[PDB]
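Enquirer: This one's experimental. Sequence and coordinates below.
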Amino acid sequence: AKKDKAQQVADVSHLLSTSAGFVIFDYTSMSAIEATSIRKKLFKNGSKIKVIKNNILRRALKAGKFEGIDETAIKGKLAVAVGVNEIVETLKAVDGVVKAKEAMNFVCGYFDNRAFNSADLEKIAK
Amino acid sequence: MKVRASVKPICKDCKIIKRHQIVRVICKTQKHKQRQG
Amino acid sequence: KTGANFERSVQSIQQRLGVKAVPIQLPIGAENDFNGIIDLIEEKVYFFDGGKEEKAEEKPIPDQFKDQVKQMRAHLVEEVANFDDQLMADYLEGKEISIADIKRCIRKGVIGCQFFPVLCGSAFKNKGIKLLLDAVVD
Amino acid sequence: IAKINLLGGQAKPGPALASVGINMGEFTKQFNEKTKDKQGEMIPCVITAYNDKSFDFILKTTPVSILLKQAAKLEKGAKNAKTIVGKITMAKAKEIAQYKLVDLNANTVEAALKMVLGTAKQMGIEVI
Amino acid sequence: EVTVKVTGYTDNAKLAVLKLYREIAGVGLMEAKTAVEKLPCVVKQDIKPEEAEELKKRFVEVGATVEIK
Amino acid sequence: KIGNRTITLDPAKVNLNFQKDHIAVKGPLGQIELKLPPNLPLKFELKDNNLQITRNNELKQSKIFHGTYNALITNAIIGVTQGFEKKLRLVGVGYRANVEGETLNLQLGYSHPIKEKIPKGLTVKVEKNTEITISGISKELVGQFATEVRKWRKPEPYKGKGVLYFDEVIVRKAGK
RNA sequence: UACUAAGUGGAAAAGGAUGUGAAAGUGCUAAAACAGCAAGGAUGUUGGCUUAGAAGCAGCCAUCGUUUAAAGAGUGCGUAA
C-alpha cells in the first residue's frame, strides 16, 4: 500500500541526494526517441532518464538538499535528468538534453544542488 | 437488428440495452445487432 | 440535369485535357435551366424556343452586364494581345482589341491549337445550338 | 511518407520514392553515390520533408536478419530457429555489431550482439 | 537573394520581351501580358545570381532596361 | 469519477441557480434551464469559484445522476458562455445544402423540396451550399438536430456521398 | 426494517440477461494512482517463406535485442510493401 510508496520515496530521495548535478525538467513529454537519443549520448554512462511518480520526485528533491514540494510534482510528464560519474560529463549530458527539445522549461533541481540561475544553468552545462 | 431470444456478446461493442422496452444489442458491428434477447 | 454547372465544364475540360479552353460563352442557366448565352464576339442571347431551335434571341450588353462581359473581354484580349503584338501596344494605349482581330486570332488558335472557345448548351430542353453553329462557322 | 527496404544500386521500382513530392532521377543520381558504400543486402531508406522532399535523406542500417542469413550463406532458412547451418564470422560479427550500435537504442557492443542473436533465432544461426 | 527587374524598355521594346518571358518562364499569355506591360512587374522571385544574369542577358538582347535588385 | 472532479465555477459571468427542477445557467447568451427531475434529492454544492455535486441519496439512479449532471452542468456553462457548433459536410455530387432564414433545405436526388426540422433554440447556417453549421446554447438540441439532418441521406456505405460529420466512419460493404 | 420500480404481485419454459439495492474474499491511491485526455506510446525490421515489396500487420512464426515510464515484429488501423 502507501508504505510501499513510502520506502520507494525514500529510495528515490537517496538517489537524488547522492547525485550532485540533478536537473529534472518537464518539457511537454519526453519521447522514447528522445530517451534513445539522449542515452546514446550517455553511452556507457550507467545513468537513466525517465518520468516517475510525482510524490517520490517531490520528496527526492526535498530530501536532495533542494525544494520540490510542488515544483516537480505537477505538469504531466516530469522528466528526471540526473547524472553519474564525471561532473563534466553530467553537465554535458544536461546541456545536450536541453538542446534536444525546442525550448525546455527549467523545472527543478540544479547542478551541485540549490539553483540560483536558469539561463546560466544552460551556460554552465555547456 | 433481428429478433432473437438470447443475446450473446459476439462483438466487443455489443452493449445489451433496452430501447422502448425492447432488449437489443447496440454495437459498431451492425452484423451482430439483434433484438428480443 | 440535377448536378450540372459551368465551372464544372471549364474545370473538367482542363483536368481531363488541359488545353486552356477560353470561355467566350457565359451560360445564362447552368444547372437545369440553361436557356441563354452571353457572348463576347457577339452579344448576349437567350432561347425562348425549347426543343426545336430556329432563332437566336440576341440581347444587348446592358449596364448590369457591361462589366460582366467586360471582365471576360479583358480576359480574352490579354491572350489575343500576344498575337499581332500591335495589339499588345494597343493595350498599352488602352485600345480594346477589335472583334475582327479577336475572331481571326481564335480561328488561328483552333486551326493552330492555341486556345479554343468552350461554348454551352443543352440537349434535353435543347437550348444552345444557334451560337454553337455560329461559332462553328466563325 | 514511406520507409522502403530499397536496393543499393537502382531505386526505380516502388511508388514511394518516385512521387512523394520529389522527382525520381535527380535523387537517383544521389542514390547511386550516397548508397554505393551501402550495397549488399537491401538497405533501408527513409523519406522526410525538407520543403516537401528534396534533401535530408539518410539510410538506416541494413536489416541484419537476411544479411544475417547471407552471413549464414543463406536466403531461406526457416520461420523459427533450426539446426545450425551457417556462422557469422569474426569480422562479419564485429562489423554488424558496430553497424547496429548506432541504429539501435543501445549503448554497448554486447547489446548489439544480443540484438544479432535475438533475430538469429528466426533462421537458426548462433551469433558468436 | 537577387531578383530580376524588367522595369524599363529600350525604345519601348516590350515587343520581344513578351516572347522571351513566355519562353523562359514557362508562363501563359496572361502572365507575360499583364507583367511586362508595366514597369514595376515582379517577373521572377528568389532566383540565384547565375540564372538572374542569364535572365539579364536574355531580357537585354530582346531589348529592355533591366535591373537586378 | 467526475464526482471526484471539481467544476470551476464562474459565479459572476454565468449565474448558476441550482433549482433542482430547472438548473438555470444564466450567461451572456441568455439563460438555459437544464430540466432535471423536480426536487432532486441530490445536492449540488455551489461554492465560490468552485462546484462539487455528489449523490446525497444512495441509489443506482443517483449514482448515475451525479456524474450525469456534473457533465451536464459543464456543458450548460460552456454553451451559455461561448456556444456549441456542429459542422456537417454533405459530400455529394448531387446532394446540396441551403438555409432560408431558419429553415435548412436539402437537395437530394429527389425532385421533392426538402426541409429539416430544428429542435429550436439553434441557428443553422449554409453559407457555402455544401456545409451545414449549427450554432446553439444547448447540447441536446444540437445533437438531435444533427441526428435529424443525417437521417435524410446518410453517406452511402459504398461511396462517400452524404452528410458526414466529417469524421463519420462509414461502414464499407462490397457491391462493385 | 432489507428490496422493487417489473404492478414483479396479478402467469410461465430450455436458453439467454456489462438485472436493482445490500453483502463475503481480492488493490492502489488519500502524497493524489486507476478512468478520459496534455500527451510519450519507441526501437532490427520491408526479418524471412509464400504472397509482387504482405517483409510490425493477406497469413505464419523465432517475436528476442535494446532506450526506458512504456511497449507489442504491435490493440490494432493504414497499408503495394
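Expert: Looks like it arrived, so ask away. Numbers count the residues shown, from 1 in each chain, chains lettered A, B, ... in the order given.

Enquirer: In stretch D:95-114, which residues are buried?
Expert: D:96-97, D:99-101, D:104, D:106-107, D:111-113 (16 or more other Cβ atoms under 10 Å in any protein chain shown). Where you see a C-beta, it was placed from the backbone N, CA and C, and this is true even at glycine.

Enquirer: Identify the residue nearest the closest residue to chain E within chain B in space, chain neighbours excluded?
Expert: At 51.2 Å from chain E, residue B:28 is the closest residue in chain B, using Cβ to the nearest Cβ. Computed as Cβ to Cβ, 6 or more residues apart in numbering or on different chains, the closest residue to residue B:28 that is not its neighbour in sequence is residue B:13, at 4.6 Å.

Enquirer: again, but for residue F:45
Expert: Closest to residue F:45 by Cβ to Cβ, 6+ apart is residue F:52, at 4.8 Å.

Enquirer: tell me the secondary structure for that neighbour?
Expert: Of the three states, residue F:52 takes strand according to DSSP: H, G, I helix; E, B strand; the rest coil.

Enquirer: What is the burial count for it?
Expert: For residue F:52, the neighbour count with other Cβ atoms under 10 Å in any protein chain shown is 17.

Enquirer: For it, which residues are in contact?
Expert: F:6-7, F:45 (Cβ atoms under 8 Å, 6 or more residues apart in numbering or on different chains).

Enquirer: So residue A:76 versus residue A:30, what's the distance?
Expert: 10 Å (Cβ to Cβ, to the nearest Å).

Enquirer: Ok, residue F:95 next?
Expert: Between residue F:95 and residue A:30 the computed distance is 48 Å (Cβ to Cβ).

Enquirer: Next: residue F:106.
Expert: With Cβ to Cβ as the criterion, residue F:106 and residue A:30 are 50 Å apart.

Enquirer: Could you do residue C:30 as well?
Expert: Residue C:30 is 58 Å from residue A:30, by Cβ to Cβ.

Enquirer: The two: which has the busier surroundings?
Expert: residue A:30 (23 against 15).

Enquirer: Sticking with the more buried one, tell me its helix or strand.
Expert: Assigned by DSSP states H and E, residue A:30 falls within no helix or strand.

Enquirer: That one contacts residue A:78, correct?
Expert: No - counting by Cβ atoms under 8 Å, residue A:30 stays clear of residue A:78, with 9.1 Å between them.

Enquirer: what is in contact with those two at once?
Expert: Common neighbours of residue A:30 and residue A:78, counting by Cβ under 8 Å, 6+ apart, are residue A:51.

Enquirer: closest to chain D among the contacts of residue F:52?
Expert: Nearest to chain D among the contacts of residue F:52, counting by Cβ to the nearest Cβ, is residue F:6 at 41.0 Å.

Enquirer: what's the span of stretch D:13-28 from first residue to last?
Expert: From its first residue to its last, stretch D:13-28 covers 11 Å (Cα to Cα, to the nearest Å).

Enquirer: Show me which residues of chain A are close to chain D?
Expert: Neighbours of chain D within chain A, by Cβ under 8 Å from any Cβ of the partner chain: A:32, A:35-36, A:39-40, A:42-44.

Enquirer: how close does residue E:48 get to chain F?
Expert: Separation of residue E:48 from chain F (Cβ to the nearest Cβ, to the nearest Å): 42 Å.

Enquirer: can you check residue E:10 too?
Expert: Taken as Cβ to the nearest Cβ, the span from residue E:10 to chain F is 50 Å.

Enquirer: So that residue: helix, strand or coil?
Expert: coil.

Enquirer: Tell me who's in contact with it.
Expert: Counted by Cβ under 8 Å, 6+ apart, residue E:10 has contacts E:60, E:63-65.

Enquirer: ok, which residues in chain C are in contact with chain F?
Expert: Residues of chain C found near chain F (Cβ under 8 Å from any Cβ) are C:2-3.

Enquirer: Which single residue of chain C ends up nearest chain D?
Expert: residue C:15 (17.7 Å).

Enquirer: I'd like to know which elements the helix of greatest length in chain C is packed against.
Expert: Criterion DSSP state H: the longest helix present in chain C is helix C:63-80. With contacts taken as 3 or more Cβ pairs under 8 Å, 6 or more residues apart in numbering or on different chains; DSSP states H and E, helix C:63-80 sits against strand C:25-28, strand C:36-39, helix C:86-92, helix C:99-111, helix E:29-35.

Enquirer: For it, buried residues please.
Expert: Residues of helix C:63-80 classed as buried by neighbour count (16+ other Cβ under 10 Å): C:65, C:69, C:72-73, C:76-80.

Enquirer: List just the nearest of these to residue D:40.
Expert: residue C:79 (57.2 Å; Cβ to Cβ).

Enquirer: Check which helix or strand the residue nearest the centre of chain D maps to.
Expert: Central residue of chain D (Cα atoms, centre = their mean): residue D:62, 1.2 Å from the mean position. Secondary structure assignment for residue D:62, by DSSP H and E: no helix or strand.

Enquirer: One more: residue A:50?
Expert: Using DSSP H and E, residue A:50 sits in strand A:49-51.

Enquirer: strands paired with that strand, and their directions?
Expert: Strand A:49-51 sits in its sheet next to strand A:78-81 (antiparallel), going by DSSP bridges.

Enquirer: next structured bit after the strand it pairs with?
Expert: According to DSSP H and E, the helix or strand after strand A:78-81 is helix A:87-100.

Enquirer: Check which helices and strands that following helix sits against.
Expert: strand A:21-26, helix A:32-41, strand A:78-81, strand A:108-111, helix A:120-125.

Enquirer: Spell out whether the second one and RNA strand G are in contact.
Expert: I take that to be helix A:32-41. Yes - Helix A:32-41 lies within reach of RNA strand G by Cβ under 7 Å from any atom of the strand, at A:32-33, A:35-36, A:39.

Enquirer: Now do residue A:57: how many residues are near it, please.
Expert: Around residue A:57 sit 28 other residues, with neighbours defined as other Cβ under 10 Å.
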